[PDB]
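Engineer: Dropping in my_file-v2.txt, with compact mmCIF, C-alpha atoms and all ligand atoms.
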# COMPACT_ATOMS: atom_id res chain seq x y z
CA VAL A 1 93.95 33.69 93.24
CA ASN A 2 96.02 30.53 93.99
CA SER A 3 95.53 27.37 96.11
CA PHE A 4 98.01 28.05 98.95
CA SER A 5 96.14 28.08 102.30
CA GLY A 6 96.84 29.15 105.89
CA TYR A 7 99.79 31.40 105.13
CA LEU A 8 100.40 34.57 107.11
CA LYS A 9 100.91 37.47 104.69
CA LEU A 10 104.19 39.35 105.50
CA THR A 11 104.45 41.74 102.54
CA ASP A 12 102.82 42.36 99.18
CA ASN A 13 104.48 39.21 97.79
CA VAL A 14 105.84 37.11 100.70
CA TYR A 15 103.74 34.64 102.69
CA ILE A 16 104.83 32.28 105.51
CA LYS A 17 103.53 29.10 107.13
CA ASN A 18 104.77 26.45 109.57
CA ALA A 19 104.91 23.58 107.09
CA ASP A 20 106.97 20.59 105.99
CA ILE A 21 107.73 21.51 102.35
CA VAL A 22 107.32 17.88 101.16
CA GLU A 23 103.86 17.60 102.76
CA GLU A 24 102.90 21.04 101.44
CA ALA A 25 104.12 20.19 97.91
CA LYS A 26 102.18 16.91 97.95
CA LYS A 27 98.98 18.74 98.92
CA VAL A 28 99.32 21.80 96.62
CA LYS A 29 101.29 20.36 93.67
CA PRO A 30 102.69 23.84 92.98
CA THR A 31 104.17 24.90 89.67
CA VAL A 32 107.58 25.37 91.35
CA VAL A 33 108.99 23.89 94.54
CA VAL A 34 112.43 25.18 95.60
CA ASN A 35 115.08 22.74 96.78
CA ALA A 36 117.87 23.80 99.14
CA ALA A 37 120.51 22.22 96.92
CA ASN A 38 124.27 21.99 96.98
CA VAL A 39 126.45 22.51 93.90
CA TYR A 40 126.71 18.74 93.30
CA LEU A 41 122.94 18.17 93.59
CA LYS A 42 123.70 15.52 96.21
CA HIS A 43 120.35 15.33 98.04
CA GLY A 44 121.20 13.93 101.45
CA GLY A 45 119.52 15.90 104.24
CA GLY A 46 117.17 18.72 105.12
CA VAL A 47 114.95 19.89 102.30
CA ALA A 48 116.93 18.05 99.59
CA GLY A 49 117.02 14.69 101.35
CA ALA A 50 113.31 14.91 102.19
CA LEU A 51 112.15 15.93 98.68
CA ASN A 52 114.38 13.29 97.10
CA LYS A 53 113.08 10.63 99.48
CA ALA A 54 109.52 11.62 98.58
CA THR A 55 110.37 11.10 94.88
CA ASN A 56 111.66 7.57 95.63
CA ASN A 57 115.15 8.78 94.58
CA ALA A 58 114.01 9.86 91.10
CA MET A 59 115.18 13.40 91.90
CA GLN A 60 118.69 12.10 92.61
CA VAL A 61 118.76 10.00 89.42
CA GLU A 62 117.75 13.01 87.33
CA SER A 63 120.24 15.21 89.18
CA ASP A 64 123.15 12.84 88.61
CA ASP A 65 122.48 12.92 84.87
CA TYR A 66 122.30 16.74 85.01
CA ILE A 67 125.71 16.98 86.76
CA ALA A 68 127.32 14.42 84.44
CA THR A 69 126.30 16.60 81.49
CA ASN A 70 126.72 20.12 82.92
CA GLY A 71 129.06 19.96 85.91
CA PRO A 72 128.36 21.56 89.28
CA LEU A 73 126.22 24.59 89.91
CA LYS A 74 127.64 27.83 91.30
CA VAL A 75 127.00 28.88 94.89
CA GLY A 76 124.18 31.39 94.43
CA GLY A 77 123.07 29.62 91.25
CA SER A 78 120.20 27.35 90.29
CA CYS A 79 118.78 24.96 87.74
CA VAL A 80 115.24 23.94 86.83
CA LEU A 81 114.57 20.20 86.83
CA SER A 82 111.46 18.06 87.13
CA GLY A 83 109.20 18.33 90.16
CA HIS A 84 108.44 14.60 89.85
CA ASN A 85 105.39 13.65 91.96
CA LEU A 86 105.62 16.84 94.07
CA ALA A 87 105.36 19.82 91.67
CA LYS A 88 105.58 20.64 88.00
CA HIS A 89 109.18 21.85 88.39
CA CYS A 90 111.84 21.87 91.06
CA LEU A 91 114.08 24.93 91.18
CA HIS A 92 117.32 23.70 92.77
CA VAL A 93 118.92 26.75 94.39
CA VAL A 94 122.35 26.77 96.06
CA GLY A 95 122.60 29.09 99.03
CA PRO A 96 126.03 29.63 100.62
CA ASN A 97 126.99 27.11 103.29
CA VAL A 98 128.12 29.36 106.15
CA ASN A 99 129.78 26.45 107.98
CA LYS A 100 132.25 26.03 105.01
CA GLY A 101 133.43 29.68 104.52
CA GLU A 102 131.12 30.54 101.57
CA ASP A 103 130.07 34.25 101.55
CA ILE A 104 126.66 34.95 103.12
CA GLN A 105 126.41 37.84 100.62
CA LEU A 106 125.75 35.09 98.05
CA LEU A 107 122.39 34.51 99.74
CA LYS A 108 121.00 37.53 97.88
CA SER A 109 122.18 36.06 94.57
CA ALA A 110 120.54 32.76 95.51
CA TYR A 111 117.17 34.42 96.17
CA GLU A 112 117.40 36.39 92.89
CA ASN A 113 116.76 33.07 91.10
CA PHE A 114 113.21 33.14 92.49
CA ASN A 115 112.42 36.23 90.38
CA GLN A 116 112.41 34.07 87.25
CA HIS A 117 109.21 32.35 88.50
CA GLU A 118 105.86 34.02 89.12
CA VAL A 119 104.92 31.84 92.12
CA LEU A 120 107.05 29.48 94.23
CA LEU A 121 106.91 27.27 97.32
CA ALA A 122 110.27 27.61 99.09
CA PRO A 123 112.16 27.01 102.35
CA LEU A 124 114.53 29.50 104.02
CA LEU A 125 117.75 29.25 102.02
CA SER A 126 121.12 29.00 103.79
CA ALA A 127 119.33 28.34 107.15
CA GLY A 128 118.93 24.99 108.90
CA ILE A 129 121.85 22.67 108.07
CA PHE A 130 123.45 25.31 105.78
CA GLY A 131 124.43 27.20 108.96
CA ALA A 132 123.01 30.72 108.52
CA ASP A 133 120.57 32.64 110.73
CA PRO A 134 116.95 32.05 109.59
CA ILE A 135 115.93 35.58 110.65
CA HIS A 136 118.51 36.96 108.21
CA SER A 137 117.42 34.58 105.46
CA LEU A 138 113.83 35.79 105.77
CA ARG A 139 114.98 39.42 105.59
CA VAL A 140 117.06 38.78 102.45
CA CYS A 141 114.11 36.94 100.90
CA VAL A 142 111.73 39.85 101.57
CA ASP A 143 114.25 42.39 100.28
CA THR A 144 115.19 40.40 97.13
CA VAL A 145 112.25 38.36 95.85
CA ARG A 146 109.59 40.31 93.95
CA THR A 147 107.54 37.37 92.70
CA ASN A 148 105.05 35.57 94.92
CA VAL A 149 106.81 33.31 97.41
CA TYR A 150 105.15 30.95 99.88
CA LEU A 151 107.67 30.08 102.61
CA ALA A 152 107.51 26.72 104.40
CA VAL A 153 109.16 26.94 107.86
CA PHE A 154 109.66 23.39 109.21
CA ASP A 155 109.96 24.20 112.93
CA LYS A 156 106.99 25.69 114.84
CA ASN A 157 109.18 27.41 117.44
CA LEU A 158 111.25 29.03 114.69
CA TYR A 159 108.12 30.02 112.74
CA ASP A 160 106.74 31.84 115.78
CA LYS A 161 110.08 33.64 116.30
CA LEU A 162 110.28 34.66 112.63
CA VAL A 163 106.79 36.17 112.80
CA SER A 164 107.40 37.94 116.13
CA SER A 165 110.68 39.52 115.01
CA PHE A 166 109.42 40.60 111.57
CA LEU A 167 108.50 44.32 112.08
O1 LIG A 201 115.14 22.08 106.62
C1 LIG A 201 114.25 22.86 106.39
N1 LIG A 201 114.37 24.25 106.63
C2 LIG A 201 115.52 24.84 107.25
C3 LIG A 201 115.47 26.38 107.06
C4 LIG A 201 114.93 26.94 108.23
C5 LIG A 201 114.63 25.79 109.24
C6 LIG A 201 113.11 25.56 109.37
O2 LIG A 201 112.35 25.79 108.39
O3 LIG A 201 112.65 25.11 110.46
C7 LIG A 201 115.30 24.60 108.70
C8 LIG A 201 112.89 22.46 105.88
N2 LIG A 201 112.00 23.43 105.65
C9 LIG A 201 110.82 23.06 105.26
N3 LIG A 201 110.35 21.85 105.07
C10 LIG A 201 111.25 20.89 105.33
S1 LIG A 201 110.90 19.22 105.17
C11 LIG A 201 112.51 18.79 105.68
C12 LIG A 201 113.28 19.94 105.95
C13 LIG A 201 112.54 21.11 105.76
Let me see whether you can do it: turn the structure in this file into structure tokens.

Structural biologist:
Amino acid sequence: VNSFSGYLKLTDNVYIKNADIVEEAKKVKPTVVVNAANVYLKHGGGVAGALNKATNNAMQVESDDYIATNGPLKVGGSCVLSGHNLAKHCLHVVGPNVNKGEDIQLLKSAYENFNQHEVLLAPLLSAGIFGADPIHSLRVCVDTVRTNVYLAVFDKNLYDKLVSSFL
């Protein structure tokens, strides 16, 4: 049993809710919250900007030190950093940015990072401002992630469409 509430079960291991991931993280304080990161860990908008803002910019400060030491992530890659006031850990995952010619096939590689964590709170990678179709992102998630994933869909209209088109 875990403390996530009001999710619609989609499969054995995937659950979905219309939720703002920052508000959900603040309420649940999960072990792992997933950030929709870019390779530079520059947290400006969407999930990354919102999480970073909720940490009072501490996420960005930590991230800048990480990049100065390690260099950029790979598209499809990830790193584990602090969850600050929101979660124990933040898994920063880079999905391909469709609007800049990066392969959508890398979305599967991005979701594979989730399998290193038993339970996660995550948004739909590559969707929203990253330019890919959220219906596709949900399908790749379901077909790739085997650990327990609690998906936070920001928009109610989109949430309802994702549920309706699922089977
Ligand atoms: O930006 C987000 N998701 C994108 C992926 C699918 C779209 C959606 O979920 O409506 C948009 C996101 N998701 C969840 N909590 C938050 S809080 C700020 C942004 C955000």

Engineer: Name the residues, by chain letter and number, that sit within 9 Å of ligand LIG 201 (chain A) using all atoms listed in the file, and give them as a PyMOL selection string.

Structural biologist: chain A and resi 18-24+36+45-51+122-130+132-134+137+151-159

Engineer: My list of candidates is A:8, A:94, A:16, A:104. Which is closest to residue 150 in chain A when distances are computed with only C-alpha atoms?

Structural biologist: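 Between A:8, A:94, A:16, A:104, the residue approaching residue 150 in chain A most closely is A:16.
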
Engineer: Using all atoms listed in the file, which protein or nucleic acid residues come within 10 Å of residue 60 in chain A? Drop anything in the same chain fewer than 4 positions from it, and give the result as a compact mmCIF listing (two decimals) with C-alpha atoms, keeping the file's coordinate frame.

Structural biologist:
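The resulting file, part29.txt, is shown below:
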# COMPACT_ATOMS: atom_id res chain seq x y z
CA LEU A 41 122.94 18.17 93.59
CA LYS A 42 123.70 15.52 96.21
CA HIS A 43 120.35 15.33 98.04
CA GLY A 44 121.20 13.93 101.45
CA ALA A 48 116.93 18.05 99.59
CA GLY A 49 117.02 14.69 101.35
CA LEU A 51 112.15 15.93 98.68
CA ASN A 52 114.38 13.29 97.10
CA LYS A 53 113.08 10.63 99.48
CA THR A 55 110.37 11.10 94.88
CA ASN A 56 111.66 7.57 95.63
CA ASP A 64 123.15 12.84 88.61
CA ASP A 65 122.48 12.92 84.87
CA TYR A 66 122.30 16.74 85.01

Engineer: If you count all atoms listed in the file, which residues fall within 7 Å of residue 87 in chain A, apart from same-chain ones fewer than 2 positions away, as a PyMOL selection string?

Structural biologist: chain A and resi 25+29-33+83-85+89-90

Engineer: Please, what distance in Å, to one decimal, runs between CA of residue 165 in chain A and CA of residue 135 in chain A?

Structural biologist: 7.9 Å

Engineer: Would you pick out the contacts of residue 109 in chain A at 12 Å or less, using only C-alpha atoms, so that residues sharing its chain but fewer than 2 positions from it are not included, and give the list as a ChimeraX atom specification?

Structural biologist: /A:74-78,93-96,103-107,111-115,125-126,137,140-141,143-145

Engineer: Which residue is closest to residue 39 in chain A? Choose from A:17, A:92, A:27, A:136 and count only C-alpha atoms.

Structural biologist: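 Once distances to residue 39 in chain A are computed over only C-alpha atoms, the minimum belongs to A:92.
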
Engineer: So how far away is CA of residue 2 in chain A from CA of residue 160 in chain A, in Å?

Structural biologist: 24.3 Å

Engineer: So the first atom is CA of residue 68 in chain A and the second is CA of residue 98 in chain A; what is the distance between them in Å, to one decimal place?

Structural biologist: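 Value for the CA of residue 68 in chain A-CA of residue 98 in chain A distance: 26.4 Å.
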
Engineer: With only C-alpha atoms as the atoms that count, which of A:108, A:163, A:40, A:119 lies nearest to residue 3 in chain A?

Structural biologist: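 Distance minimum relative to residue 3 in chain A lands on A:119.
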